[PDB]
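Data block below; observations after.
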Amino acid sequence: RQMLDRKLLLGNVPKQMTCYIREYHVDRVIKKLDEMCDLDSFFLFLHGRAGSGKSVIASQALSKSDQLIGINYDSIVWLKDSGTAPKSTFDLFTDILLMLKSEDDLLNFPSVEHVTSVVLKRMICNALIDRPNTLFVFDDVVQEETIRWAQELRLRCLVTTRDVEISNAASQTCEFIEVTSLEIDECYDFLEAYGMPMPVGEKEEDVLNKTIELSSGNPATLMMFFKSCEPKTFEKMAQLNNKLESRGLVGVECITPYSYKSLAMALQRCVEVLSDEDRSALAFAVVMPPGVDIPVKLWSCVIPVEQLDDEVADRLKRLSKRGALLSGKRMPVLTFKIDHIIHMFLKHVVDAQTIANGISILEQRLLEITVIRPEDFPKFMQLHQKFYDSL
Amino acid sequence: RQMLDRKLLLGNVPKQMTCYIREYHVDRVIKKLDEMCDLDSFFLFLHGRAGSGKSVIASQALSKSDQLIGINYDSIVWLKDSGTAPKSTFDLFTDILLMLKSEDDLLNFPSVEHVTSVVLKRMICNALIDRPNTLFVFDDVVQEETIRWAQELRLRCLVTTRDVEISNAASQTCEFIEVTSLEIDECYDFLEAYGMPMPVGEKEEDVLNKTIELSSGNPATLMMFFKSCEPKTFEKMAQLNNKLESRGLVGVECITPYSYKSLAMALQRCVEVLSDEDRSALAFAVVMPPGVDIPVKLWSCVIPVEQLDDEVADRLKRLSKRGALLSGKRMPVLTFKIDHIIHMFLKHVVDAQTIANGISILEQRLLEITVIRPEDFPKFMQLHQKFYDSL
Amino acid sequence: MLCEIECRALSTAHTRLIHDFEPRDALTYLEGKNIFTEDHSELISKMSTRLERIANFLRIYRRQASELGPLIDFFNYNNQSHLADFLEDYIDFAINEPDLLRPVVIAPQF
Amino acid sequence: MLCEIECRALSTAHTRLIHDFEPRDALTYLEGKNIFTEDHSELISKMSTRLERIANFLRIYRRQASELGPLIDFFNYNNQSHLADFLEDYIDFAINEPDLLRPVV
Ligand SMILES: Nc1ncnc2c1ncn2[C@@H]1O[C@H](COP(=O)(O)OP(=O)(O)OP(=O)(O)O)[C@@H](O)[C@H]1O
Ligand SMILES: Nc1ncnc2c1ncn2[C@@H]1O[C@H](COP(=O)(O)OP(=O)(O)OP(=O)(O)O)[C@@H](O)[C@H]1O
Ligand SMILES: [Mg+2]
Ligand SMILES: [Mg+2]
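Protein chains in written order, with the numbering used here: chain C, 1 to 391; chain F, 1001 to 1391; chain B, 2001 to 2110; chain R, 3001 to 3105.
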């Protein structure tokens, strides 16, 4: 247990979190990794919402057991991607060449940037002989170009990403683990862990509940809201749940371990990458009963664009498979749903006009001609007017 | 006691003050450091107001007892930060790479500027082997990126800073020591130490007390006042006092061990870093009682933004946790207070119109409405009409 | 590789390893117990001054050995046992009896 | 001198020789059975802590005795027989059998 730490540090693995461990996941990211010892050049996709906590779990999954490093894999290489430029997918590998290199001849490191991608690639798989059965953690992939090169480099990869629309790049053994929103029961544990008045009183239990709903189970913004519960008095938690329904994530922004002071700053990046036409879909998501199972047609009303309509659904599925902005279900009827955290980002992230503009369009097609059945009662989005009442 | 000096000099540690030493703090910065011999990668935050003297005491401790260097820690690395640019948090470590390097191969020092971070970091923790029990002193951290990188470098850090809002980034146990304003009794000692007339004329006594009150324990300013009383004549101290209530710190500014001629030059930097909206809170904090315990509502009157006045308190707390710009008290009632030194800076720097504008609004709130009880007597601003007449 | 404890020892007991010691004496015993290489011994064996052979022996050594065994099991044989005894004393005031290292084995040389 | 077996024993049974033992107790019995010297007993007899007297007793001892006899024949007499029994057990699981551990794990 002292050799790991040597290997973790040198593979640039981040300090594993300690005060609260997501058992079921870390224990699911280790299992799947053990199962892959023979199958060479495999992808493991630890994909989730933004700030949803994926990267922390890889820190823990490679830090709990003594097996993953030493027993199952000899060495670790953990590199943060976050590449957007077209030079980024090449630059990552230059940083993965020196990583793999010896402590000796970092002095001799040449003008590596001025070389062909056929040389950096050959140059890597030429020195990759030394370390066999080596896995490479690619914290935060945005570009499918990374997934491309890697498969050409026959690598063993753990991958933390938000958009799961890039695995398509790999024709291969792709296995997946989704970092969901923190379940209700779990959250409690998270709070207690960091030191905080637990739900006890009635009005307060009912007051502690509201909190989770707002963050809609989100560790990053569940942290930011605590690093701002400085007094730790319930009376001060209530002072703020308010601040939220009037300032979005912005007011709650509190500097913390997340590279990001605000979640809106994160999600930005999830709204830039979006297909130009898919981007327009995000704006209308705002005007919608937050956190409600609602039909496709009721959505067809606000969303831009035929005798047969199925284009609304296509946008809602794509948008749901790229930052996990929207949540769609199959049964009983094809319906999607927005999440508060995913909702406040837009409420403060869209043209103040386009909100009101969109509300008028929904009311127009409104007249037309948990078991919600907007089949004879869509005429009245009043069940959701509780939200629609808001500008 | 001759080996230390070798180690102090090579670790670039500044010589500790000799003519006046604070046994309580220096003796509290050494204690906490000894307790961390067993612990690894820890942060010690010697945080205080600008000019309090944090940096002087760190060196003081380091050089006093010889146990800290040799017994508790093998070597010392003391580096001044003061980084504002985004390249600064990287540049600090380039200066911390060569520090750690051998006298040999400073010749071979390569084009370190053109190196990837993941390399400077790996390159550092690769040579950090040859350095058992290393204590790094980071005199004057402003950015949290240095705190960030450091935690990734599993370092042992003493830290001198003004803002204690970045020490919290680190998700590891952290020990704090606050450099308070020099207590009344202490000050006396400081003067006698450098030299000053002994209490003789009851009035002279009283006047010296008033002077120690003004400079709310800011040795930097205290030094500024001292250096500039050359006549060492009381009759000339009373000429100097006046100059203050008419010229702020500006007139008192003199060459001192401080990198800064004027304290206002220092505090500047504490007003630039400030949240844009927090900057104005401070800007409107100018028109306030100086060194007087005053209620939150009385403040709600001058500060920008239903029964949501709490926003005033949030600004006053944040502003107080950034170089100790404010001094909020909890009991009996939530009240803050300004300090003269903190008062002459803003007053002589901020807009007079804002000062007036603010002084005009206060009256509106008034009409709407040490054991001060502005609960039935806030209507009256005549209590400090002495201070109130000045503008 | 060693670690802070095992390297802090080679450093604490350094005022001594300079007054009486020689890396040439240990090269044969270490090419042997499998902790060196025939370039290693070349590099430390052809050095004009001893502080060179010593600084290279302590640099090269801290990288090669899984532990600090094959250097106590040498100052013994080399009639320099007053050395291997000091280092074994230091390694003992760490694992078994903690704390006692600073008062006992560290301070008497300030 | 002893050897690796006899010295590996003084080392293996070390967690124990620290909890209950004292070199002052054995100095008289060893200046006697001819294995010490009046400077030896001086050196180990004037030591502030016991871990000092113990580390010097185990260092000095490993050099002086032709064997590990006059130290089993002592923990017996000193009511510390739970010690001399452990060490005699260890010397036997090597004296009566030609097989051990090899270079392994
Ligand atoms: N198990 C956990 N314990 C404590 N904090 C957590 C945990 N999981 C997530 N967080 C919060 O999220 C921040 C980092 O989130 P994390 O990096 O784990 O999410 P992520 O999915 O990587 O987001 P991204 O994909 O944007 O990197 C931490 O600073 C912390 O505030
Ligand atoms: N113990 C002391 N003895 C003498 N002068 C002192 C002492 N402490 C502070 N000073 C005054 O302050 C100046 C340096 O202050 P110091 O660097 O100790 O404060 P600081 O908290 O580091 O400020 P900053 O955070 O801006 O570095 C000295 O030149 C001296 O004038
Ligand atoms: Mg991350
Ligand atoms: Mg300074």
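For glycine and all other residues, C-beta sits at the position ideal for the given N, C-alpha and C.
Against residue 1036 of chain F, chain C offers no close residue; the least beta-carbon distance is about 17 Å (beta-carbon pairs closer than 7 Å). The stretch 233-253 of chain C makes no contact with the stretch 296-310 of chain C; the number of CB pairs closer than 8 Å stays below 3.
For residue 3059 of chain R, the nearest CB of chain B lies under 8 Å from its own CB, placing it at the interface with that chain. For the beta strand (DSSP E) assignment, the uninterrupted runs of no fewer than 3 residues enclosed by the stretch 1164-1216 of chain F are, from N- to C-terminal side, 1174-1179.
For residue 1380 of chain F against residue 1176 of chain F, the beta-carbon gap comes to about 40 Å, at or over 8 Å, which does not count as contact.
Apart from the 5 residues on each side of it in sequence, residue 1077 of chain F sits with its Cβ closer than 6 Å to the Cβ of 1011, 1099 and 1136 in its chain, given in chain order.
Sequence-distant partners of residue 1355 of chain F (beyond 5 residues in either direction) whose C-beta falls short of 7 Å from its own C-beta, in its chain, are 1286, 1287 and 1391. At least one C-beta of chain C is nearer than 8 Å to the C-beta of residue 1126 of chain F. Ligand 1 has a heavy atom closer than 7 Å to the beta-carbon of residue 162 of chain C. Contact between the stretch 185-204 of chain C and the stretch 322-330 of chain C is absent, with fewer than three C-beta pairs closer than 8 Å. DSSP places residue 1136 of chain F within a strand segment (E or B) once states are collapsed to three. Of all residues in the stretch 1105-1139 of chain F, those with a C-beta nearer than 8 Å to a C-beta of chain B are 1129, 1130, 1132 and 1133, reading in chain order. Nearest in C-alpha terms to residue 1195 of chain F, of all of F/1154, F/1237, F/1147 and F/1172, is F/1237. C-alpha of residue 3028 of chain R to C-alpha of residue 3056 of chain R: approximately 15 Å in a straight line. In the structure shown, residue 125 of chain C falls within a helical segment according to DSSP collapsed to helix, strand and coil. Annotation: the continuous alpha helix (DSSP H) that includes residue 56 of chain C extends over 54-61. Chain-order list of chain C residues neighbouring residue 1144 of chain F: 255, by C-beta distance under 7 Å. Residue 343 of chain C carries a helical assignment under DSSP once its states are collapsed to helix, strand and coil.
Residues of chain R with a Cβ closer than 7 Å to the Cβ of residue 2097 of chain B are, in chain order, 3051. The beta-bridge partner set that DSSP reports for residue 48 of chain C consists of C/179. In this structure, the beta-carbon distance from residue 1066 of chain F to residue 2008 of chain B does not fall below 8 Å. For residue 1189 of chain F, same chain residues with a beta-carbon under 8 Å away, outside a window of 5 residues either side, are 1020 in chain order.
For residue 2110 of chain B, there is no enclosing beta strand (DSSP E), since its DSSP letter is neither H nor E. Residues of the same chain with a CB within less than 7 Å of the CB of residue 3075 of chain R, apart from the 5 flanking positions on each side, are 3081, 3083 and 3084 in chain order.
Nearest Cα to residue 1375 of chain F within the set F/1295, F/1165 and F/1337: F/1295.
Boundaries of the beta strand (DSSP E) harbouring residue 158 of chain C: 156-161, taken from the DSSP string. For residue 76 of chain C, the beta-bridge partners assigned by DSSP are C/135. Fewer than three Cβ pairs drawn from the stretch 1106-1122 of chain F and the stretch 1034-1051 of chain F lie within less than 8 Å of each other, which leaves the two stretches out of contact. Close partners of residue 1278 of chain F in chain C (Cβ separation under 9 Å) are lacking, with about 13 Å as the shortest Cβ gap. If you look at residue 327 of chain C, you'll find it isn't in any alpha helix (DSSP H); it sits in the beta strand (DSSP E) that goes 326-329.
By the Cβ rule, the stretch 3035-3048 of chain R counts as touching the stretch 3059-3070 of chain R, because three or more pairs are nearer than 8 Å. Distance from the C-beta of residue 1256 of chain F to the nearest heavy atom of ligand 2 is below 7 Å.
Under the 8 Å criterion on CB atoms, residue 1103 of chain F is classed as non-interfacial with respect to chain C.
With fewer than 16 neighbouring CB atoms inside 10 Å of its own CB, residue 104 of chain C falls in the exposed class. A Cβ-Cβ contact shorter than 8 Å links residue 2040 of chain B with residue 2060 of chain B. Beyond the five residues adjoining it in sequence on each side, residue 1198 of chain F comes within less than 8 Å, by CB distance, of 1192 in the same chain, given in chain order.
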